[PDB]
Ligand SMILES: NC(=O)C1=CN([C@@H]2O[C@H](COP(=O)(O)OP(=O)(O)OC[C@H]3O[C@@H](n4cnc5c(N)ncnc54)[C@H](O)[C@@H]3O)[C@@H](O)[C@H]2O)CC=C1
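Here you get one chain, nothing else, as C-alpha cells; it is the form deposited without the ligand.
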C-alpha cells in the first residue's frame, strides 16, 4: 500500500507525514509532494526514522512522480479561503485524475464543505469520478468532540467516541452527543458542547494570536483517517469512520455520515441513527448553508 500526501511541506503536511511514517503498517510506501523544494528533504529527514515504510519526496509543478502507484492520496495543500484554495485543489485533483484515477482521495484542504465539491466536479470532467473514493476529512471535529466530552464528564479521552455528521463549516458541524454510550448530557451541556465544537478552530487561531491555525491536531486528525482507510484497504473489517462524502442526497449532495470502509473505499453508508430534538433542529437549520457551500464549489468548475 502506498499513500501520497500533496502539500507535505506545510505545517499540516509535515505533521501528517511524520505520523504516517511512524504508524503506517510495515511494507507501506509514503510519497511526499509539495511545490517548495524543501519537500524531498522532508522525506529524507523522515527516512532516517527506523520504521519499515519507504518514503521519498518530490517538488516542483508536476506531482505525477509522487502519484505513481498511489492507493490513497491525501491533499493537505493550501492555506489554513475559497479565493486562494480553489485553484490549488482543482490543480492537484486534475493531476490525480490523470495519474492514479482509481485511488482513494481525501481532501484536507479547507473549506472542505466546498473543496470536495470542486474535487468531484473536476473528477467527473475527466470521466473518472467515483463517489466511493472521494472523502472530505472531518476527523478533526471527531477528536475535538472526544476531548471536550471526556474533559466535561471525567472520562478517559481515548475511550470516548462521539459521531459527528453534517459538514466541516462551523454551523454545519453536528456532534451527535445523544448517541454517546454511557454518557448523558443536560440540555445546556449539549448547547455549550455543540458551540465549542463548532468554534474550536477560532479557539486555536485566537490563542496563536495570528501565527496560524490548528496544524498539529489537524495532522493528527488526517493521520487517523489515513490509517483507517489503509486498514480497510488491507481487508480489515468493521472499520467505521465519519467523512464528508456524496451519498444518498437525503440532506445534501455531500454530507458527513458514518461510513463502513472496505477495499474499494466506502463499503456502506450507515444511517445517522436516532437524533434528539436538539440534533434534529440543528441538522435542518444548517442544511441551507451546506447546500450553498456545495453550490459554490460546483459553480467554480462549471
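Positions refer to the first chain, counted from 1.
Below: the form solved in complex with the ligand, not depicted.
Listed residues 147, 179, 202, 91 were compared with the ligand in the deposited complex; 91 is the one with a heavy atom within 4.5 Å. None of 100, 214, 142, 197 but one reaches within 4.5 angstroms of the ligand in the deposited complex through a heavy atom, and that residue is 214. Every residue in the set 9, 108 and 137 has a non-hydrogen atom no more than 4.5 Å from the ligand in the deposited complex. Comparing 27-35, 269-277, 255-263, 46-54 against the ligand in the deposited complex, the single stretch with non-hydrogen atoms within 4.5 angstroms of it is 27-35. Mapping the unseen interface onto this chain, residue 85 counts among the residues with a heavy atom inside 4.5 Å of the ligand in the deposited complex.
Mapping the unseen interface onto this chain, residue 76 counts among the residues with a heavy atom inside 4.5 Å of the ligand in the deposited complex.
Contact check for residue 112: a heavy atom falls within 4.5 Å of the ligand in the deposited complex. None of the heavy atoms of residue 119 is located within 4.5 Å of the ligand in the deposited complex.
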